[PDB]
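This document starts with one chain, in the form deposited in one PDB entry, laid out as structure tokens.
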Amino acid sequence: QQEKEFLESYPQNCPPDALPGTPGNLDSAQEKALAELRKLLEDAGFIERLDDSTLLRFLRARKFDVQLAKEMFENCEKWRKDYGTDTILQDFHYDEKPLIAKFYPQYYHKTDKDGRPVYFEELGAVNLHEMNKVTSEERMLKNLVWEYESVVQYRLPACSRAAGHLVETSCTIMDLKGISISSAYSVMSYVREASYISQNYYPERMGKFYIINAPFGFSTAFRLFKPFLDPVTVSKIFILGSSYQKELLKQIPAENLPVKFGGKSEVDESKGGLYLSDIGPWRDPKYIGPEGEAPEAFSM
């Protein structure tokens, strides 16, 4: 089978200091639960996506409850059927991206110190009025699941090879510079849907989340209630104000961080600039495997 060929083409163990329940770091209890859940899925008829990394993501998502995790998996499979996710990399074509990239900037640029692909989202700059001139929110969400499928199929394997260990997760940087109460309400619908797709259909894919240029009240609230979030979440999520450069550089090598966020990585304006760039390990022949090089989101 070619799923066998694929998972053998990149490192499959997480580093030993990763949170427990991750691949390669399983205690006796968890080990039993994993094949127990697998058996049920096999019995239920599933053939696809029954690998350790996948099943453990759902397991870690339901505190290792084998039954709730089966529900989660089944629902996701149903969604993949209805939504058409298994074929989205062929069917969907976001050809309007060049026109609307400035309106809502979203790009993947290199990796962080743990080998995770970095996702940049400049939400603060969002201008939906201009965007809705050319696209719909239905189309914005397809592009989200398209990018997501790109990460799973092409970005994460390449990142795994480039780092020497399994990379299951992305590192998200969300820039609020420019956000207002007006525009906040205007993107709530999209963010809420994206959040639902993320948690329910792509569990445990979020590894680091940085919000930068947060407004004072938002920044403050997090600071005050920090002592009451569980320590696993408090190590994944960072809400930062206007001085985030040193915080980003602890997580992303300066050579991989865009100059505009305080690093050295540059992108030629000849290729459409950073808003249209997709640079990383997934574009390097040394780290591309039997999956082949990933697609590009648009024609040009």
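Rigid core here is just the name for the largest C-alpha set that superposes within 1.5 Å across the two forms. In case it trips you up, residue 1 is the first one in the sequence shown, and so on.
Unshown form deposited in another entry; subsequent notes refer to it.
Of the residues listed here (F120, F222, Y94, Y202), only one shifts its CA by 2 angstroms or more between the shown form and the other one after fitting on the rigid core, and it is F222. Core-superposed comparison between the shown form and the other one: the CA of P231 exceeds or equals a 2 Å shift.
Here's the thing about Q199 and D230: their CA atoms end up at least 3 Å closer in the other form than they are in this form.
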